[PDB]
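I have placed the structure first, in the form of structure tokens, so that the comments after it can refer back to it.
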Amino acid sequence: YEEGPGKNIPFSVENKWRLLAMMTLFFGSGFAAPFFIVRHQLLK
Amino acid sequence: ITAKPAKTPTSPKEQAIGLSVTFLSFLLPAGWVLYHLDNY
Amino acid sequence: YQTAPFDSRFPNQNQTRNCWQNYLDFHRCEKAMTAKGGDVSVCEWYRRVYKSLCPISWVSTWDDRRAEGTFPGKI
Amino acid sequence: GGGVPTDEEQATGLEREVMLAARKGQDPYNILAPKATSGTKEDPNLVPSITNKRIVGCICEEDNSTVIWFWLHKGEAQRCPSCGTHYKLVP
Amino acid sequence: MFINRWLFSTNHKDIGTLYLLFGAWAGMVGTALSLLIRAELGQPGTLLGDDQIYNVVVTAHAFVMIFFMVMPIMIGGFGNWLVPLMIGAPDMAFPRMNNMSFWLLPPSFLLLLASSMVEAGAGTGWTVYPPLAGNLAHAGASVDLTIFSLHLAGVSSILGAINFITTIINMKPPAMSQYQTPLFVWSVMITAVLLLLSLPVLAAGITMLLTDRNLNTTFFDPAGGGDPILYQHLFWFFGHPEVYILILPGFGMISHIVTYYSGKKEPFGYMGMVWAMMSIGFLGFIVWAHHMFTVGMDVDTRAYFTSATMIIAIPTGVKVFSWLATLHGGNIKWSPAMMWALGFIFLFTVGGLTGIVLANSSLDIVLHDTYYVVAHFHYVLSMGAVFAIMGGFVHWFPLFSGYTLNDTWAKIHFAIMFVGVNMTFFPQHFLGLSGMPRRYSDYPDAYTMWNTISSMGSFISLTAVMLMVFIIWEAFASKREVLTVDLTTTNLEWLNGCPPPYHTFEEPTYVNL
Amino acid sequence: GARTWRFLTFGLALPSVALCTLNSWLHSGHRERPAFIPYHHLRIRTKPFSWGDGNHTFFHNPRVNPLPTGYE
Amino acid sequence: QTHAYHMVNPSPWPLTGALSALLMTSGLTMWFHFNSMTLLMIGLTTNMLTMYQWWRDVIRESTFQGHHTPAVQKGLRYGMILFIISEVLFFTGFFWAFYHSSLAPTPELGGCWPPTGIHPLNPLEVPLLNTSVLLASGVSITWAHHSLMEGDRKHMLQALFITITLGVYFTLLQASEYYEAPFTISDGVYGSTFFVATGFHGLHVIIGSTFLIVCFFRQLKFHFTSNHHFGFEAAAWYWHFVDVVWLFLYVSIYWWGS
Amino acid sequence: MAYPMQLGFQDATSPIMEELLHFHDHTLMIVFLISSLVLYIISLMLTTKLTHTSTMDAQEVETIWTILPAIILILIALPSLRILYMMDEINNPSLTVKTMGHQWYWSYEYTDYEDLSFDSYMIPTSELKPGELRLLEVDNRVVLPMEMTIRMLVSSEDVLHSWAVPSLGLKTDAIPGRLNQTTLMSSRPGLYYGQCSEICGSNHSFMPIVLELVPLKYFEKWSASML
Amino acid sequence: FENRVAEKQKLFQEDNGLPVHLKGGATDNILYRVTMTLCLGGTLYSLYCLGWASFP
Ligand code: HEA
Ligand code: HEA
Ligand SMILES: CCCCC/C=C\C/C=C/C/C=C\C/C=C\CCCC(=O)O[C@H](COC(=O)CCCCCCCCCCCCCCCCC)COP(=O)(O)OCCN
Ligand SMILES: CCCCCC/C=C\CCCCCCCCCC(=O)O[C@H](COC(=O)CCCCCCCCCCCCCCC)COP(=O)(O)OC[C@@H](O)CO
Ligand SMILES: CCCCCCCCCCO[C@@H]1O[C@H](CO)[C@@H](O[C@H]2O[C@H](CO)[C@@H](O)[C@H](O)[C@H]2O)[C@H](O)[C@H]1O
Ligand SMILES: CCCCCCCCCCO[C@@H]1O[C@H](CO)[C@@H](O[C@H]2O[C@H](CO)[C@@H](O)[C@H](O)[C@H]2O)[C@H](O)[C@H]1O
Ligand code: CUA
Ligand SMILES: [O-][O-]
Ligand SMILES: [Cu+2]
Ligand code: NA
Ligand SMILES: [Xe]
Ligand SMILES: [Xe]
Ligand SMILES: [Xe]
Ligand SMILES: [Zn+2]
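Residue numbers (the UniProt record's numbering), protein chains in the order written: chain Z, 19 to 62; chain G, 25 to 64; chain P, 12 to 86; chain E, 34 to 124; chain X, 1 to 513; chain L, 24 to 95; chain C, 4 to 261; chain Y, 1 to 227; chain R, 22 to 77.
Pasting the structure below:
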């Protein structure tokens, strides 16, 4: 296996802009989920 | 701690883009839901 | 008679058994007095106490079960 | 009434290596705590290694709760930075 | 290779990394839930709906913050990364069972999110009391999905506890006694013993709730001779130990951070710190009914639970004073991690003291099921457990990643979060003393000012959470590689470099007697 | 030793099981079932069972287990 | 490596186990609420496949590859002791529920224990026989252990076969007593406590019997040495745990609770 | 009831609530002092360039840090437990009233003499009379005699509720199948408000309690008129 | 039965780079594939069941 900084993680840090997108989707999806569940409960 | 200088420095402009994108990723989806509560 | 006095058998916050015991005591006394055609007036103290302490719905449920033959206490 | 194998007959792999080394009073897999020498420059603690450096933890005085950790390198004896106890790598 | 490494791991560091990513994601869920609470309460009236949607949000907030954020980060994340390194062990005792502790959590979380999506959700409180949580007042699948979520989280933590206790007892260097292991390692061993003993009692109680809901048992149903109060005893017999489980690994990280940034080789009064954590763990099993002072128990029982609960202040005070005595004489480095730790010492002390107020059953009559309790537990959780997590994250991020954070950004982050959590929770003391109940979607008009200020505080905390994500991005974006770390002689976890190799201690440490 | 624990197995433990087997054997056979009384604390039905018609317990014995409405 | 510990090959069984737990729980939900057993039957199948392959691999690692040094064996000893402790506390919850209900019988019961309309089993009939059976099996497993330490293959196999036969006898007697019982799980808190507590105990008897049968086949295949046989020790400790829980159930529920 | 910008407890209406105020004042002084001392000592540890980083002996100082807290806890526990046992003391009530919690309203039963019972529901916000309090008023108040020892028995006919009146120092859980007792004695006439204090579903926020404390003779006539 | 443990020790110590869960041969791969297919397929089915149960 690859060893060293940026290699001991399940996500790539090779490109900071691809990383920003991946982090945006990751943290953003967790923060968004409760709002969309509330929307779901209100729409029944 | 000591550390090397950045291998891929993040300029003030690059930091403004990352901070802006980060904040929008939290604020736009929640803002869309809360704006539309009456509709729901 | 104003209300049910303090009873050293039931000194704590949970008064469930106080209501239950007085309802049983009234109905046992009433059965004992009616069997001989004795006088149910001697049972009056237990009647006043259970009426003071017991929720209306508990009394109503217990009375229904005595009529149905499903009351689980011994009378 | 027999028919159960012994460790001598059937132990294999690392289990067998440990078993055979212990018969010879040897500890290649570091099961035992090594006993200190006087730790002087003349009589250093001898630290076996399969490479050219190994981490030492020094309990400088009996019942210290603090362990002092450092890399010991092949070459001249090094000293514990807290108590000055001498350690020498034996690769 | 990727599947073998990240789905089939037997490596304590990669499993720790999985737990930290899981806990970080859970923290965003729990933050969104916290903002929905404060949005509902931030002006008088109704925003979302009645108490059912409101208490689904409150219930999910608590389960996510406790079971998916704090426990996975402190025990799964810091514990897996640090415990083997701090004892020179080559991995955990049960490296494959360790991976199952991790992989039970995504399914547990999926069952919780399903609970909120089906029917009207589980609006029960995180305590899940019957009969509100029973099959009449919460008909349908929501509460059963919540119970199964708890079952999987509980199996995860029980097997993890077996792993940590075995690792810590059996895999130290042969010369190292239990009294030569670092305080963080003690904090994890004691937390693991609490998990091992408490979670099975929760398992029994929620299983009884499941059979009352689905198999016509009546453990908690008076119609069958059951008792709702029995559920409360079984829940809280777990629930009091659980709050010690939430703070003990924090106490361990605080000891390491205060020692490190004071320039000390060791914490003040090591054996007193061990004694204090074992005393808190023991006393934590004999106090549960301080959650039940209004249920109608006997006066002598109330007297006992008041007295036993107050005893916890003695060992806890020894820890607070020993942290202060560790700072004493230090070469203080005002790192971001040190700021988190100093905030912890003060704000944990405030929340512990409002806990001693609540321990008084007579006063608890008026404070129970009010915002005074909410203020107490958010001082110890949202400013104690969370400040220990943030201090440990900024202290050990360079070890885990091999990269540095921007210390100026991390100090800004601390300052915003410090203002936000205090603005959120300080005014809740006033709301509790003046009688605002828990689990309300709306309040009498008199309570408006403090609810307004509290909600404004919650938005400042949101800004801090958003900035933290940016700060992690900026570290990985810039790639400042670690060179030298000070005090490696008394911090073994740093001695294999940053990050350490996949396999460490293939050759064990040499420690003589 | 093994010899002693075999002595205890065959000399004490299995004889005990044989005697208790005899005891149970001699006390087997059906007792007369009691009058059905629709007590509200028994035959609980807050939700139908997930098998059969929803009203039969999992190891329902028609001879000794009445339904809420009485014996079958 | 120059330590004695086991670096385990990367494994899929933790993930298959975790997903089997999702399928079993979502399956129970689908059975209780959506009238369907399909997810549950997939989850039970993947759970059994996971257990089979995981413990197969532990046997490969130990008997066939030699990774179970004394240090590894000592870890497994602690793990099994800790697991048993967690199981004790799980049963403690059910005993608490039992004592809570029976020491303070509510008016709905008639304010007595046993409740009005409950006819308990005679503790001197099949329950006493079950007690003799599990105690006898504690003696036979001890014979099996000493036979194995003394290197006696035939007597180990005979004693372990007797132990398993008694575990099966207990299970068949309990199944019959469930069918014959005039009270059910729906007979208030008496039925609730009786069936859930004895039912979890019965599940543990089946688990422990299965573990003994695994030991019986491993013994037939010569896996155990006279000094190295942790799977047998662990099965024996588990089996004593099952015995002891039974004695507490017998005294508490069947005798004192009658 | 609470008033805007309130910091502390509602003014005491009962002697036991008076006792709780004085006990809280004593406990809060201790909370303030210990919080303050910890903050001050943090600031003292952090404001000197002088250093001492060698090993420090712990045992002498640990005596002070265990004994002084033990003494403080005893000084809290003594008055705490005096009040606990005072509330539990035998008082001889003049009147017994029952309250039953329901989703989402309270019923009251006054059955010492006659069969008096009624339901007590929140006044909807749209039906409040001018000057009335949002979420706090009820249609039918719990009329009680002032300056008299009253036994309140609390239960539920569905889920958990909790019957609370902060200004009287009262909070008793409402548990189905259980009859919990507390005692109520008002030093004053007036209107005393509380709110359901156990999560009970959709309208937990909207099932308040209003006590109306009046002279015995008014209570007797009201009782007669409510049959 | 005869003691064939030595033959299994040789098989499971063969220097073929296989992880222990596949080192028995082609039957291990089949049972692995069945197990992972039921797990992943079952998980997709559990998600479908949530979708269905999330609406009236
Ligand atoms: C990390 C989590 C955590 C921790 C560590 C604690 C710690 C304490 N808790 Fe808390 N608590 C909660 C989380 C926590 N709590 C939660 C979540 C609830 C609500 C549950 C629910 O209903 O949902 C709760 C509820 C709760 C109640 C129930 C209140 C009610 O519902 O009416 C009580 C009652 O006694 C209590 C007390 C205490 C006490 C005495 C401590 C002690 O351990 C504190 C000890 C610390 C100190 C005292 C400070 C430091 C000491 C000194 C500086 C020495 C000198 C001090 C003195 C002399 C006093 N807490
Ligand atoms: C750990 C536990 C925890 C934490 C941290 C919090 C945090 C917060 N809580 Fe809560 N809360 C509870 C546990 C917690 N809570 C519990 C147990 C209840 C009772 C439930 C019930 O009544 O049944 C509760 C109830 C509760 C109520 C009462 C609801 C009611 O009675 O009606 C309110 C009201 O304002 C509230 C608000 C908040 C807010 C605004 C935050 C904010 O401070 C949160 C801000 C965000 C953070 C603190 C960041 C979190 C993320 C991380 C730390 C991730 C880190 C990432 C890396 C390390 C990479 N919560
Ligand atoms: C020889 C006895 C062996 C027992 C085997 C029997 C059935 C399979 C399940 C066994 C597991 C044990 C306990 C689960 C709960 C209840 C079953 C109790 C034992 C039993 O079998 O009880 C029966 C009822 O079963 C019923 O409802 C059947 C209900 C079937 C579904 C069970 C639901 C599972 C519950 C979830 C378990 C959660 C696990 C928690 C793990 C903790 C993780 C932290 C009794 O029959 P009856 O007709 O009512 O009375 C007899 C009248 N002649
Ligand atoms: C119908 C019922 C279905 C329900 C599912 C559960 C059913 C059955 C599970 C039965 C348990 C079987 C366990 C088999 C373990 C086989 C592997 C084994 O025993 O492995 C041994 C190690 O022990 C070890 O891992 C010890 C491993 C111990 C595991 C024991 C776990 C008990 C599991 C209970 C799980 C569910 C309980 C939950 C109930 C609420 C191997 O070392 P040795 O023996 O020294 O051999 C080496 C020598 O040959 C060298 O000379
Ligand atoms: C607790 C976390 C949330 C905190 C508050 C978040 C702050 C809000 C961020 C912006 O959110 C957006 O706001 C827009 C309005 O400003 C919305 O557009 C809406 O309103 C516009 C103006 O009327 C229209 O043009 C758009 O079509 C319409 O979608 C848009 O959907 C929404 O994403
Ligand atoms: C490896 C991949 C994993 C495999 C995934 C397999 C998915 C296939 C599931 C089959 O779907 C079934 O559909 C049935 C009907 O269409 C349902 O019957 C149930 O629902 C019916 C309602 O029509 C009723 O007859 C009964 O409740 C009952 O038969 C049953 O619940 C459901 O499972
Ligand atoms: Cu009734 Cu809350
Ligand atoms: O829980 O305090
Ligand atoms: Cu507690
Ligand atoms: Na609102
Ligand atoms: Xe959970
Ligand atoms: Xe659990
Ligand atoms: Xe205090
Ligand atoms: Zn030294």
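Don't be surprised by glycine CBs; every beta carbon is placed ideally from N, CA and C.
Contact holds between the segment 470-488 of chain X and the segment 402-409 of chain X, because three or more Cβ pairs, one in each stretch, are under 8 Å apart. Beta-carbon to beta-carbon, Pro-126 (chain C) and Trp-258 (chain C) are separated by about 5 Å, close enough to satisfy the 8 Å threshold.
Cβ-Cβ distances below 6 Å link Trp-242 (chain C) to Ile-144, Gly-211 in the same chain, with the five nearest sequence neighbours on each side left out; the list follows chain order. Straight through space, the alpha carbons of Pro-67 (chain E) and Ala-58 (chain Y) are spaced by roughly 31 Å. According to DSSP, residue pairing for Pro-145 (chain Y) in a beta bridge involves Y:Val-214. Looking at the DSSP output, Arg-151 (chain Y) sits in a beta bridge with Y:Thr-96, Y:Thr-183.
A residue is called buried when at least 16 other Cβ atoms come within 10 angstroms of its Cβ; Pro-57 (chain L) does not meet this threshold and is exposed. Applying a distance threshold of 6 Å between residue Cβ atoms and the heavy atoms of ligand 6 selects C:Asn-38, C:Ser-39, C:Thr-41, C:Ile-45, R:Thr-58, R:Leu-59, R:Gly-62, R:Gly-63, R:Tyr-66, given in chain order.
Considering only X:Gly-30, X:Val-29, X:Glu-40, the residue with the shortest C-alpha distance to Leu-58 (chain G) is X:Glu-40. In the DSSP assignment, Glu-55 (chain P) falls within the alpha helix (DSSP H) that extends over 55-64. Remark: the C-beta of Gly-352 (chain X) is in contact range of ligand 1, defined as less than 7 Å to any heavy atom. Taking 7 Å as the cut-off, one finds at least one heavy atom of ligand 12 near enough to the beta carbon of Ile-206 (chain X). Within the same chain, Cβ atoms closer than 7 Å to the Cβ of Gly-170 (chain C) are found at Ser-140, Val-208, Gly-211, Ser-212, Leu-215, the five residues on either side in sequence being excluded. The continuous beta strand (DSSP E) containing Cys-91 (chain E) extends over residues 86-91. The beta carbon of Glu-493 (chain X) lies closer than 7 Å to those of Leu-82, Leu-85, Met-86, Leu-399 in the same chain, with the five residues before and after it left out. If you compare the alpha carbons of X:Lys-265, X:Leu-183, X:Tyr-129, X:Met-271 with that of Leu-209 (chain X), the shortest gap goes to X:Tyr-129. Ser-107 (chain Y) is bridged by DSSP to Y:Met-100, Y:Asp-119. Under the three-state reduction of DSSP, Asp-212 (chain X) is assigned to helix.
Pairing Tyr-120 (chain E) with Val-100 (chain E) gives a Cβ-Cβ distance that is not under 8 Å. Within the model, the alpha-carbon separation for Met-253 (chain X) versus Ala-276 (chain X) is close to 15 Å.
Following the DSSP letters along the chain, one finds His-429 (chain X) inside the alpha helix (DSSP H) bounded by residues 428-433.
Nearest neighbour of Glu-19 (chain Y) by Cα position, chosen from X:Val-374, X:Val-366, X:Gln-428, X:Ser-458, turns out to be X:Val-366. For the pair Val-295 (chain X) and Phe-237 (chain X), the CB atoms are not nearer than the 8 Å cut-off.
Below the 9 Å Cβ cutoff, chain X contributes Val-295, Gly-296, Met-297, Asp-298, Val-299 as neighbours of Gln-24 (chain P), in chain order. If you check the C-beta of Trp-56 (chain G) against ligand 5, you find a heavy atom less than 7 Å away.
For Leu-90 (chain L), the closest C-alpha among the options C:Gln-68, C:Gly-260, C:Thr-187, C:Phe-220 is that of C:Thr-187.
If you check each beta-carbon in the segment 50-74 of chain L against every beta-carbon of chain P, the ones closer than 8 Å belong to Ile-60, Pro-61, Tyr-62, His-63, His-64. Between the alpha carbons of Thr-111 (chain Y) and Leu-179 (chain Y) lies a distance of about 15 Å.
Closer than 8 Å to the CB of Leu-65 (chain R) there is not a single CB belonging to chain C.
Bridge partners of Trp-104 (chain E) according to DSSP: E:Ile-88.
Pairing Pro-79 (chain Y) with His-26 (chain Y) gives a Cβ-Cβ distance under 8 Å.
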